[PDB]
Each structure stands twice: as structure tokens, then as C-alpha cells.
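Notes follow once the structure below has been shown.
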Amino acid sequence: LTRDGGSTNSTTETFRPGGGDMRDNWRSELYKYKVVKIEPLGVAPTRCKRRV
Amino acid sequence: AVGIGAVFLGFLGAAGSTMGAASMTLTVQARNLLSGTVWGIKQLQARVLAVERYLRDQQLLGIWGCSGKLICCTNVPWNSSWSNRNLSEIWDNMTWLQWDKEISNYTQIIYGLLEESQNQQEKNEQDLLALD
């Protein structure tokens, strides 16, 4: 849908169908996935020490 | 000194013989493993398949006790319910090809045992150097 850009003090808000891009049909189905990248090798302090 | 002694064979050369004699040479079987217009895609996927396999094997060896020892020992005792063989016969009687069909059932468990053993040993020595 698409709202009409109604200025000048009117209480009704009409709506109209509008096709436009083809991208929105896929955006109706990929609204639930983001892609993330793994990162290993953290580093943290603790109480141990390497012997010679 | 040596008139005629067994020099060395190619890779998989010893593989008919017994395991005791075959364990003398491993480096030959290890070295011949890395390296020695649509067709370029087939060659490139062949090469990356090769290095993918070798890297999987290196990682799987790394997560146990021995990274690059090429011969290891560890702290998991052999349960005789798997093999039911004497010690005296295996090193002087059978080949690895003969061996693999005998130990084929009990796999994929021993690997997890090695994983847990190395993990517990690492956390215990971690606690040891923690109080050190």
C-alpha cells in the first residue's frame, strides 16, 4: 500500500495499491535474517603464569 | 659395510608388509600428499580439495595431545573388548589393510575419548599453573 500525501486539514487517510520495485516481494520474506561473521581468539586476564 | 640392504621404497611401498616394519618409514607416506579454458576450474577445485583435506587432518590432530609429533602416545587405556588380539601377533603378523577391516566397527568413539581426555588434561594443568 501507499498513503496519499494529503495536506490541508483532512481527517480521512486514503490508501492505494502500488507495485513499484520488485525488491519488496523479497523483502516480505527476508525480514527475519541477518548474516554475521564468527571471530575467534578472545583474550582475557586471569591468574596463571607460564613456566620457563 | 652394507653389501645389500633394504634401501627404501616408494610411497605405499611397505604397505604389503607387517606394521612393525612399516612403522620405520612414515615420512615417505607423509610427503607425497601436498603437491607431488574451463579445465582450470577443475584443476583449481582439485587443488583446493587437496588442501582442504590436509588441513582437516592437521586440525583434527591438533585438538588431541600431539600437534606435530607424527608419533604420539596418550592416556586412554585400550579396552580389549574391541580387538581381542594378543600383543605378540599384531606387530609381527598383520598389515594395516588387514587391520582396518578389523577395527572398522569401533571408530568415531575413540576420537571423542581423545577429545575429552585432552580437554580434561588441559584444564587440570591449567589449574596447576594457576596455583603456580
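Can we say B:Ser117 is polar (S, T, N, Q) and surrounded by 11 or more Cβ atoms within 10 Å (Cβ to Cβ)? Walk me through it before giving the result.
Numbers: polar (S, T, N, Q): yes; surrounded by 11 or more Cβ atoms within 10 Å (Cβ to Cβ): yes.
Here the answer is yes, as B:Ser117 does meet what is asked.
When restricted to residues that are under 29 Å from B:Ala130 (Cα atoms), exposed (fewer than 10 other Cβ atoms within 10 Å of the Cβ) and either within 14 Å of chain B (Cβ to nearest Cβ) or hydroxyl-bearing (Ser, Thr, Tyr) (or both), chain A contains 9.
Every condition in (1) under 15 Å from the mean Cα position of the chain (by Cα); (2) under 23 Å from B:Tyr111 (Cα atoms); (3) not basic (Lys, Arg) holds for B:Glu52 except the one numbered (1). Only one entry of B:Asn93, B:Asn84 meets the criterion of being exposed (fewer than 11 other Cβ atoms within 10 Å of the Cβ), under 26 Å from B:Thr18 (Cα atoms) and more than 14 Å from chain A (Cβ to nearest Cβ), and that entry is B:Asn84. Residue pairs whose Cβ atoms lie under 7 Å apart, sitting 6 or more positions apart in sequence or on different chains, and linking a residue in the range B:104-132 that is within 12 Å of B:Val76 (Cα to Cα) and within 14 Å of chain A (Cβ to nearest Cβ) to a partner that is of a type outside the set (D, E, K, R) and in a loop (DSSP other than H, G, I, E, B), do not occur here. When you scan the range B:54-66, do you find a residue that is among the aromatic types (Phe, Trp, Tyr), surrounded by 10 or more Cβ atoms within 10 Å (Cβ to Cβ) and more than 26 Å from B:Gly13 (Cα to Cα), even just one? The answer is yes; a qualifying residue exists.
Can you pull out every residue in chain A that is among the β-branched types (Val, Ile, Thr) and in a strand (DSSP E or B)?
Step one: list which residues in chain A are among the β-branched types (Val, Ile, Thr), which gives A:2, A:8, A:11-12, A:14, A:35-36, A:38, A:43, A:46, A:52.
Once the filter is applied, which keeps residues that are among the β-branched types (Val, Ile, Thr) and in a strand (DSSP E or B), chain A yields only A:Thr2.
Are there helices (runs of 4 or more DSSP H) fully within the range B:38-129 with at least 1 residues that are of a type in the set (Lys, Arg)? List them.
Details: elements: B:39-62, B:80-83, B:87-90, B:96-102.
Ranges flagged: B:39-62, B:96-102.
Among residues of the range B:96-110 being farther than 22 Å from B:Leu12 by Cβ and exposed (fewer than 12 other Cβ atoms within 10 Å of the Cβ), the one that is nearest to the chain's Cα centre (by Cα) is B:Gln108.
All of the numbers you see were taken from the coordinates with simple rules; none came from a lab. Note that we place each Cβ from the backbone using ideal geometry, even for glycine, and neighbour counts take in every protein chain shown.
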